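Remarks on the structure that follows.
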Amino acid sequence: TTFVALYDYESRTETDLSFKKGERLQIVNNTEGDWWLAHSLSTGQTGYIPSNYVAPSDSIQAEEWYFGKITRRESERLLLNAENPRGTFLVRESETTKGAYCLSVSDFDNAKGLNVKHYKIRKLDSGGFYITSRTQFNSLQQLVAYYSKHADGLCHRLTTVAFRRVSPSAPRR
């Protein structure tokens, strides 16, 4: 029944709540379309939070490496950062196939230099995800936990989560 914060937010009014990314919140009243009343489980503060800054706990949008409907052009811009080591990755929605996802990872080939590898993740009719038929998965979170321990078909193992994600615009009310 808990939620989790996706970004950092600073209080603008006297009735809203300031919170940092990763803060676990408790939605106590969601009878409001834009701003919900939440109780921070870590700092103990209560206040109104923007509903777009949070996502349900153990959901797909709540993961730090899930970036949503970011385009391929915009996905390479985050991974091509010089700070990102080899293996910096993110999971985006497949713009070609609805319901599918793409995995964009940063890679260093000695022949092409720094580059970005894109692997499309296919959704089974049963609800499963896979990149190759040799290994199938049920959810994207556990898929990342595999390819983060061993490469296994990928040019490199998943390492760093892509940081530097702009905070979305707070909705007015």
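Structure values in brief
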| item | result |
| --- | --- |
| Among (1) over 17 Å from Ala162 (Cβ atoms); (2) in contact (Cβ under 8 Å) with a residue 60 or more places away in the chain; (3) surrounded by fewer than 18 Cβ atoms within 10 Å (Cβ to Cβ); (4) not hydrophobic (A, V, I, L, M, F, W, C), the one test that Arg86 misses | (1) |
| Subset tally (residues that are among the charged types (D, E, K, R), in contact (Cβ under 8 Å) with a residue 24 or more places away in the chain and more than 22 Å from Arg72 (Cβ to Cβ)) for region 119-156 | 0 |
| Single unsatisfied condition, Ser51 versus (1) small (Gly, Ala, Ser); (2) out of contact with any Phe, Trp or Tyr (no Cβ under 6 Å at 6 or more places or on another chain); (3) farther than 21 Å from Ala162 by Cβ; (4) surrounded by 12 or more Cβ atoms within 10 Å (Cβ to Cβ) | (2) |
| Region 12-36, subset touching a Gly at 6+ places or on another chain (Cβ under 8 Å) and closer than 23 Å to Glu64 by Cα, residue surrounded by the fewest Cβ atoms within 10 Å (Cβ to Cβ) | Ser18 |
| Subset of region 62-79 [in contact (Cβ under 8 Å) with a residue 24 or more places away in the chain, farther than 18 Å from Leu154 by Cα and of a type outside the set (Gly, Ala, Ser)] | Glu63, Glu64, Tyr66, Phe67, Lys69, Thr71, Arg72, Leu78 |
| Every residue from region 127-147 that is in a loop (DSSP other than H, G, I, E, B) and either closer than 19 Å to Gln61 by Cα or among the hydrophobic types (A, V, I, L, M, F, W, C) (or both) | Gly127, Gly128, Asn138, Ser139 |
| Residue, surrounded by the fewest Cβ atoms within 10 Å (Cβ to Cβ), within region 138-167, restricted to residues that are under 16 Å from the mean Cα position of the chain (by Cα) and charged (D, E, K, R) | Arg164 |
| Subset of region 54-74 [hydroxyl-bearing (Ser, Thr, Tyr) and either part of a loop (DSSP other than H, G, I, E, B) or more than 12 Å from the chain's Cα centre (by Cα) (or both)] | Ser57, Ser59, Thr71 |
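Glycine also receives a Cβ, built like all others from the backbone with ideal geometry; neighbour counts cover every protein chain displayed. Values quoted throughout were computed directly from the atomic coordinates according to the rules given, and no laboratory measurement underlies them.
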